[PDB]
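So the structure is just underneath, and the comments pick up after that.
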Amino acid sequence: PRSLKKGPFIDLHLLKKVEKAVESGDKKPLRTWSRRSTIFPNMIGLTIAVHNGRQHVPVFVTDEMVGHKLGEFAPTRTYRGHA
Amino acid sequence: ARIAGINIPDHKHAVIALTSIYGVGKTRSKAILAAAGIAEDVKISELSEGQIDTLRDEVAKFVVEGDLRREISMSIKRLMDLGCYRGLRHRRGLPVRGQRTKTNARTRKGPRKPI
Amino acid sequence: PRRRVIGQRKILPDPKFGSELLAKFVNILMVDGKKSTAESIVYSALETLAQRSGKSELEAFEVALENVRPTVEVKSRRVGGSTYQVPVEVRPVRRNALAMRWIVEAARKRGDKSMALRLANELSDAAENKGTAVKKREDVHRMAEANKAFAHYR
Amino acid sequence: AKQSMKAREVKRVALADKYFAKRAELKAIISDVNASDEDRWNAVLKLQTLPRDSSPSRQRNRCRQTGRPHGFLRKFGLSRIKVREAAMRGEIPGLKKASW
Amino acid sequence: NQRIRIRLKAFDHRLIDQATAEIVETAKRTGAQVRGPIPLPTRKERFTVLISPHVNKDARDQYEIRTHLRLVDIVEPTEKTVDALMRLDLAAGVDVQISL
Amino acid sequence: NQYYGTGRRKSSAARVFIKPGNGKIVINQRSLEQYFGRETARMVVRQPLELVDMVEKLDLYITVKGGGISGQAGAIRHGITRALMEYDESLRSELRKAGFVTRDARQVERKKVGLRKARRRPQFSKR
Amino acid sequence: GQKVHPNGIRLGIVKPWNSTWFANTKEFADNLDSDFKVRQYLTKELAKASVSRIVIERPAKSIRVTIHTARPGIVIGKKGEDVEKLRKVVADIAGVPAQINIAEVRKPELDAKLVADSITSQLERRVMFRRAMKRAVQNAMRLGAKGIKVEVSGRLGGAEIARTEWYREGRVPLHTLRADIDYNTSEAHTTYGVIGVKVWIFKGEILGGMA
RNA sequence: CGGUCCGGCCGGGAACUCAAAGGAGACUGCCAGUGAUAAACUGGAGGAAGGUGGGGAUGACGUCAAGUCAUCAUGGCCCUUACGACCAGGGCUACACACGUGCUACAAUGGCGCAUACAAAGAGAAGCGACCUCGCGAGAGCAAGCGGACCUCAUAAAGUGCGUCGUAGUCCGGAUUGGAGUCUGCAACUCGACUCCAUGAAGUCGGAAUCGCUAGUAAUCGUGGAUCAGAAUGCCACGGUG
RNA sequence: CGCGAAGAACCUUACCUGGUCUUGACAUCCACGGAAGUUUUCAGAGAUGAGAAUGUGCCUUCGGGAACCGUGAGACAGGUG
Ligand SMILES: [Mg+2]
Ligand SMILES: [Mg+2]
Ligand SMILES: [Mg+2]
Ligand SMILES: [Mg+2]
Ligand SMILES: [Mg+2]
Ligand SMILES: [Mg+2]
Ligand SMILES: [Mg+2]
Ligand SMILES: [Mg+2]
Ligand SMILES: [Mg+2]
Ligand SMILES: [Mg+2]
Ligand SMILES: [Mg+2]
Ligand SMILES: [Mg+2]
Ligand SMILES: [Mg+2]
Ligand SMILES: [Mg+2]
């Protein structure tokens with residue numbers, strides 16, 4: 001895990017976007033490529049679209065998602081079965 | 001020798017007998033013995049009824065046995081329902097810590113299944 | 001070995017009993033280059049054997065070897081297309097090596113607690129003409145008798 | 001390597017050299033134990049915006065003649081293949097076949 | 001009143017030997033006592049490279065740099081001695097370090 | 001006075017000084033039994049002394065550096081041998097027949113490229 | 001099989017280095033790269049001056065470049081006009097003041113680089129490869145060489161299938177480490193492809209070492 | 001030798017270990033026998049070393065249209081608002097499976113706890129980083145020294161003494177997973193290393209088959225380096241026991 | 001088959017998905033204007049697109065020159081094809 005003394009890591013662009021969306025009450029999906037950003041408590045009610053590599057995938061944040069990276073909720077490899 | 005509910009420790013040294021409790025390992029065991037004032041090398045057989053009750057109190061200060069099994073189950077369960085990367089890896093029974101699956105992922109996949 | 005240009009390498013005598021024979025015994029019980037472990041296993045086993053059977057250690061050791069040493073062994077040899085297990089007489093050095101090797105292997109295949117105990121038990125058994133070491137030596141002697149027909153024959 | 005790949009490396013060095021001081025001070029603020037939380041937060045956010053190339057860890061050592069990204073030797077600055085060529089032509093002082 | 005240590009480094013023993021003999025000769029011409037040249041241990045840097053462009057590991061060449069090191073102690077720091085050594089030049093393949 | 005011998009075995013160098021004495025054997029400012037717990041190592045050190053009839057007639061001051069228990073013991077045996085011979089040249093014939101005069105030149109063979117160790121080669125498969 | 005580089009095996013035995021300087025790890029790579037740049041520039045500029053070797057000896061604050069050539073005149077120029085401009089540009093590349101010396105090769109028929117360069121020049125001029133190799137071998141033997149071997153490889157005569165040909169007179173004891181064997185390789189970029197030329201010239205055994 | 005702060009500590013020495021330069025030494029030279037009055041072989045002596053003393057580097061003419069047009073160069077071909085170029089995210093890490101090479105084991109010649117002994121080789125300035133303090137620890141703060149036979153990495157480990165475990169899937173084994181962290185790095189989700197607490201899988205020596213090694217070798221036990229911000233069970237080296 | 005790779009989180013990277021560029025990321029020649037450079041704001045995932053402020057040297061000619069910046073035109077560049 002990242003060091004506690006360094007705090008969490010959220011990309012500035014997404015940080016600017018999330019605060020504007022929450023203050024304006026906007027409900028439109030926030031398209032982002034930032035998979036390395038931790039989910040701050042501020043976006044608990046927002047729908048973020050995170051690039052899985054080829055598509056932006058919709059993730060509605062929930063209380064249980066705080067502290068996790070955004071990328072965790074955007075599977076990058078497609079495996080259905082071997083047969 | 002009925003510490004932590006059903007767990008029954010044996011006649012073996014106390015510090016190692018206490019490891020039979022789910023939730024207690026060697027480090028915690030030594031802490032139990034040190035806090036309760038019983039030598040680690042004594043046997044549970046030789047252990048006196050006054051000393052055993054003290055051990056039960058020192059173990060109760062920890063989340064062990066069925067409480068741990070509920071705690072562990074809730075943690076795995078919340079990952080799966082939440083549906084993050086580590087949830088899917090738990091649901092599909094594949095290594096959750098980034099280990100290679102091309103080969104050598106048996107402890108998670110079980111015995112080999114022929115094509 | 002195609003040129004037969006090898007002599008022999010010197011072996012230092014065992015420290016406690018001054019025996020080159022017993023020094024060679026400690027080199028077979030040795031595993032992983034740990035000779036100090038092996039001598040401690042042998043000296044303890046020999047001490048237990050001496051107290052168990054009387055006598056000293058060297059003569060007690062010697063009697064066990066003379067009861068495990070073979071005399072004739074089968075060697076596959078090819079005359080014509082046909083091969084035969086010709087019974088051949090063995091050299092005294094080969095006798096000692098085979099006897100020591102068999103005692104150690106038989107001792108290893110035992111269920112006692114310590115290797116010293118396993119070695120002492122198997123070594124005392126050899127003195128009593130019983131045990132896997134002498135049993136398999138009998139097997140060697142029995143297989144040679146079955147092929148006594150092919151001694152000095154095609 | 002390709003002319004583009006070698007060119008990418010020259011840019012990475014240029015940006016790293018230009019922003020060395022700014023990045024260094026920000027990392028000092030981050031590691032400062034007696035620093036206020038808002039100052040550390042501003043340092044984290046400031047470093048992110050700084051160009052990635054300016055990071056001295058995004059630079060790959062490449063052979064100084066061919067630009068090869070693998071088999072590099074820091075002492076000589078060249079890939080194993082160019083080192084052996086220079087060594088057997090006597091262009092590397094002191095270097096000779098080793099034997100022991 | 002003081003003493004200087006002359007640290008000679010080279011890649012060639014025959015070269016560093018002639019340059020140390022020159023320094024010890026010069027000091028005696030400027031009348032300074034000199035503790036005799038002391039051979040400090042030689043550094044053997046050692047390099048191992050693959051010799052084929054593709055694949056074929058186990059095909060390797062091994063190289064070594066042997067840095068020879070000599071030390072000279074001019075105990076008599078006569079004013080003439082130090083000045084002569086500053087105006088003195090040594091063979092290119094020799095590194096000379098001055099310590100007061 | 002002091003009779004000196006240098007002894008080497010594997011990676012060790014042993015400096016031995018011999019003066020007529022009661023039989024005190026000191027190694028690195030510590031006794032023989034305290035320096036060497038191994039009976040094989042102790043026997044090696046003493047070997048040149050009981051082969052000759054001087055077990056208690058000489059005092060040995062030994063300082064040994066480098067190597068391991070057997071290397072250091074073997075280096076010490078070589079030093080005492082060379083020191084006894086300087087002390088009394090008559091000893092050469094008995095020391096040579098025994099073999100203590102030779103310097104065991106067996107060193108550790110270098111690891112070679114393509115081999116895991118000096119000689120062991122990685123496992124082979126035709127197919 | 002494949003053979004060891006003749007110059008490299010005998011470096012420090014009978015052959016000297018073309019770069020003779022000391023440098024700590026910090027300056028070793030930069031100095032080595034600087035030598036490469038100056039050697040590349042000198043060869044390109046003096047391609048028609050018949051240069052044999054360039055020895056870059058770096059005194060502490062300078063770069064002394066010694067150029068061995070078989071035609072010193074065209075190199076030095078009139079009143080050193082050419083060697084002067086060469087010094088200036090070499091100093092510019094190195095970053096330190098430069099000193100250039102011009103060594104003359106008495107026999108350009110006994111120097112491997114000259115022979116290899118001449119053979120490749122004829123090949124680029126479309127001369128028959130066998131003739132060039134034979135002429136080189138005969139010239140060296142006339143000039144007193146103890147031995148010579150010349151190898152030419154790759155689409156000889158414009159052939160679709162490449163091959164290797166080689167001539168050898170005298171002795172070329174490649175295994176002998178005290179043998180003064182000057183080896184050098186050059187390449188000819190013809191219209192059909194690249195032709196590689198390798199020359200070995202054995203001049204006699206050296207008794208004594210680096211003396 | 002003289003004191004000791006008992007320490008090469010100080011004076012001092014230049015003996016010794018060692019360092020690294022220059023020499024010496026080994027040649028079937030000597031002796032005997034065999035052999036074709038030969039080459040050579042065998043034993044002996046002396047010697048530190050004996051017959052090529054040990055190891056390395058060194059690879060003939062050629063062979064396989066062997067490998068590499070992705071190190072580089074290069075004939076021809078081909079794209080040239082694209083097959084060139086920039087960027088962000090992802091992939092190279094997927095996983096019914098098959099195989100190669102390893103690692104760790106399956107214990108008692110062993111595991112664990114305490115005490116203690118003996119190396120070699122190396123590396124180091126946007127670097128090695130002591131000591132002291134804080135933390136269970138990985139680490140953190142402070143800060144000396146060192147471009148190095150001086151300082152640091154850096155406590156060798158197997159070994160040895162005592163105790164315990166007593167043959168059990170175990171005080172074996174550490175896989176896997178849950179939690180809490182550390183560090184490098186803009187950034188550790190995919191996909192880093194390491195720590196702590198908990199968890200405690202398979203495995204009780206491996207079918208047909210198959211591999212390495214003749215001496216300081218194999219076996220075993222640690223140590224170092226390169227690459228490298230970080231990321232070794234790989235690789236290249238080094239000694240210990242043997 | 002622990003092989004190139006002496007070390008794929010980004011980079012490396014040569015692959016993919018999406019957004020972009022077209023004498024071009026890299027080189028030379030030609031013209032036109034500009035010192036180079038430095039410090040800040042917005043938008044964007046970033047490439048980029050917009051703004052500003054500051055800075056105007058060097059050497060002698062006294063028409064300048066040498067470095068770098070942008071634009072245009074092509075001759076060309078570029079290719080781990
Ligand atoms: Mg190119
Ligand atoms: Mg990198
Ligand atoms: Mg070893
Ligand atoms: Mg070769
Ligand atoms: Mg040869
Ligand atoms: Mg082919
Ligand atoms: Mg192919
Ligand atoms: Mg990318
Ligand atoms: Mg791969
Ligand atoms: Mg089982
Ligand atoms: Mg365990
Ligand atoms: Mg062999
Ligand atoms: Mg690293
Ligand atoms: Mg391999």
Side-chain angles (χ1 to χ4, degrees), chain A residues 1-3 9 13 32-36 51-54 69 71-72 76-77 79 82-83, chain B residues 16 23 25 27-28 41 68 72 75-76 85 96 98 100-102 107-108 112-115, chain C residues 31-38 41 113-115, chain D residues 2-4 6-8 33 47-48 50 52 55 57-58 60 63 66 68-72 79 81-82 97 99-100, chain E residues 13 17 39-42 48 53-57, chain F residues 4 6 11 13 15 37 65-70 72 101-103 105-111 113 118-125, chain G residues 1-4 9 24 175 189 191-194:
Chain A
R2 177 180 174 91
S3 282
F9 177 82
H13 44 259
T32 191
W33 287 253
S34 184
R35 298 181 48 103
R36 53 186 201 175
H51 209 217
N52 69 332
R54 52 169 172 182
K69 299 298 204 297
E72 300 191 21
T76 61
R77 299 188 193 91
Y79 174 74
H82 258 290
Chain B
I16 297 124
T27 305
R28 272 184 181 180
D41 69 357
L68 200 52
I72 297 169
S75 60
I76 298 184
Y85 176 82
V96 205
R100 165 196 290 260
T101 63
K102 186 168 189 180
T107 303
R108 294 288 296 171
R112 294 172 153 87
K113 308 166 294 295
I115 296 181
Chain C
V31 59
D32 296 335
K34 316 163 70 95
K35 195 201 218 71
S36 48
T37 320
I41 299 182
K113 298 291 180 68
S114 79
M115 181 65 209
Chain D
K2 308 195 291 181
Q3 292 301 115
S4 75
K6 304 166 184 172
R8 281 177 179 175
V33 307
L47 192 65
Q48 178 217 329
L50 288 177
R52 287 181 171 182
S55 180
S57 296
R58 214 156 186 270
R60 182 72 141 146
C63 168
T66 70
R68 195 178 196 258
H70 277 288
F72 178 84
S79 66
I81 328 186
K82 284 305 180 293
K97 302 294 289 323
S99 172
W100 67 90
Chain E
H13 64 106
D17 284 352
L40 299 175
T42 165
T48 308
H54 199 243
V55 296
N56 291 143
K57 206 155 195 179
Chain F
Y4 171 77
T6 306
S11 64
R15 312 165 59 257
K65 296 189 302 183
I69 312 297
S70 291
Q72 282 185 334
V101 296
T102 307
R103 197 278 206 195
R106 294 185 296 169
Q107 314 286 74
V108 168
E109 211 171 320
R110 47 166 300 178
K111 180 204 172 298
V113 158
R119 295 199 183 174
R120 151 154 217 95
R121 181 180 304 269
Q123 200 161 272
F124 160 82
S125 195
Chain G
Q2 281 79 243
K3 295 146 203 57
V4 68
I9 199 68
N24 284 324
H175 280 66
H189 314 274
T191 61
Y192 280 93
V194 183

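Side chains are part of it too, since the values below use all heavy atoms of this structure and drop only hydrogens, waters and symmetry mates. Per chain, numbering begins at 1; letters A, B, ... match sequence-line order.
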Would you say A/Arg2 places a side-chain N or O within less than 4.0 Å of OP1 or OP2 belonging to H/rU184?
no
For a quick check of understanding: with a heavy-atom distance under 4.0 Å over all strands, which category does B/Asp41 fall into, base, sugar-phosphate or nothing?
nothing
Please determine whether the number of non-hydrogen atoms from other residues, nucleotides or ligands lying under 6.0 Å from atom OH of G/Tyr192 exceeds 12.
no
For B/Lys102, answer base if it contacts any base atom (sugar-phosphate contacts may also be present), sugar-phosphate if it contacts only those atoms, and nothing otherwise; contact means non-hydrogen atoms under 4.0 Å.
base
Decide if the distance between the centres of the six-membered base rings of H/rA126 and H/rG127 is under 5.5 Å while the angle between those ring planes is under 30 degrees.
no
Can you tell me if A/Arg77 touches the phosphate of H/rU93, counting only side-chain N or O atoms and a distance under 4.0 Å to OP1 or OP2?
no
Hey, does D/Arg52 reach any base, or is it just sugar-phosphate, or nothing, if we go heavy atoms under 4.0 Å?
base
5'-most contact on RNA chain I: D/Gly71 or E/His54, nearest heavy atom basis?
E/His54
Would one find a side-chain N or O of A/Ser3 under 4.0 angstrom from OP1 or OP2 of H/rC183?
yes
Check this one for me: any side-chain N or O of D/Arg68 less than 4.0 Å away from OP1 or OP2 of H/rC72?
no
With heavy atoms under 4.0 Å as the rule, sort D/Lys6 into base, sugar-phosphate or nothing.
nothing
With heavy atoms under 4.0 Å as the rule, sort A/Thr32 into base, sugar-phosphate or nothing.
nothing
Counting only side-chain heavy atoms from C-beta out, which of H/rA19, H/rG178, H/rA94 sits nearest to B/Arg100?
H/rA94
Here, do I/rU41 and I/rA50 pair up as Watson-Crick or G-U wobble, each distance under 3.5 Å?
yes
Examine H/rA98: is either OP1 or OP2 under 4.0 Å from a nitrogen or oxygen in the side chain of B/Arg112? Give yes or no.
yes
Looking at H/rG127, which nucleotide sits across from it as a Watson-Crick or G-U wobble partner, both distances under 3.5 angstrom, or is there none?
H/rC146
For a quick test of reading the model: is some side-chain N or O of D/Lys97 closer than 4.0 Å to OP1 or OP2 of H/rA57?
no
A student applying the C1'-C2'-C3'-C4' rule, positive for north and negative for south, should call the sugar of H/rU223 north
Would you mind classifying the nucleic acid contact of E/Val55 as base, sugar-phosphate or nothing, using non-hydrogen atoms under 4.0 angstrom?
base
Is there a stack between A/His82 and H/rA96, judged by ring centres under 5.5 Å and planes under 30°?
yes
When you measure from the side-chain N and O atoms of F/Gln72 to the phosphate of H/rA119, is any distance below 4.0 Å, counting only OP1 and OP2?
yes
Look at the side-chain N and O atoms of B/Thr27 and state whether any lies under 4.0 Å from the OP1 or OP2 oxygen of H/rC197.
yes
Look at the side chain of C/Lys113 and the base of H/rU167, then say whether one donor and one acceptor between them are separated by less than 3.5 Å.
no
For H/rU195, the nucleotide meeting Watson-Crick or G-U wobble distances (both under 3.5 Å) is H/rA180
Name the nucleic acid region contacted by B/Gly25, choosing base, sugar-phosphate or nothing; use a 4.0 angstrom heavy-atom cut-off, strictly under.
sugar-phosphate
Closer than 4.0 Å, any side-chain N/O of D/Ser55 to the OP1 or OP2 of I/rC10?
no
Base-pairing assignment for I/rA75 (Watson-Crick or G-U wobble, both under 3.5 Å)
I/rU28
Pair partner, H/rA40 [Watson-Crick or wobble, under 3.5 Å]
H/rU34
Hey, is the side chain of A/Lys69 poking within less than 4.0 Å of OP1 or OP2 on H/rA188, counting only N and O atoms?
yes
Kindly indicate whether the side chain of D/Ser99 and the base of H/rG56 share any N or O donor-acceptor pair separated by less than 3.5 Å?
yes
With nearest nucleotide decided by heavy atoms, which residue, D/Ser57 or F/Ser125, maps closer to the 5′ end of RNA chain I?
F/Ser125
Between H/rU52 and H/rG51, is the stacking condition met, i.e. ring centres under 5.5 Å and planes under 30 degrees?
no
Is the phosphate of H/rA219, meaning OP1 or OP2, less than 4.0 Å from a side-chain N or O of F/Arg120?
yes
Neighbour stacking check for H/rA49 and H/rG50, 5.5 angstrom and 30 degree cut-offs:
no
Counting distance alone, no hydrogens or angles: does the base of H/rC211 have a donor or acceptor under 3.5 Å from a partner atom on the side chain of F/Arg121?
no
Can you check whether A/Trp33 stacks with the H/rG89 base, using ring centres under 5.5 Å and planes within 30°?
no
Does a side-chain heavy-atom distance below 4.5 Å link F/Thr6 with F/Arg15?
no
Does C/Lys34 place a side-chain N or O at less than 4.0 Å from the phosphate oxygens OP1/OP2 of H/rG159?
yes
Under 4.0 Å from OP1 or OP2 of H/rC238: is there any side-chain N or O of D/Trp100 that close?
yes
Examine H/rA85: is either OP1 or OP2 under 4.0 Å from a nitrogen or oxygen in the side chain of D/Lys2? Give yes or no.
yes
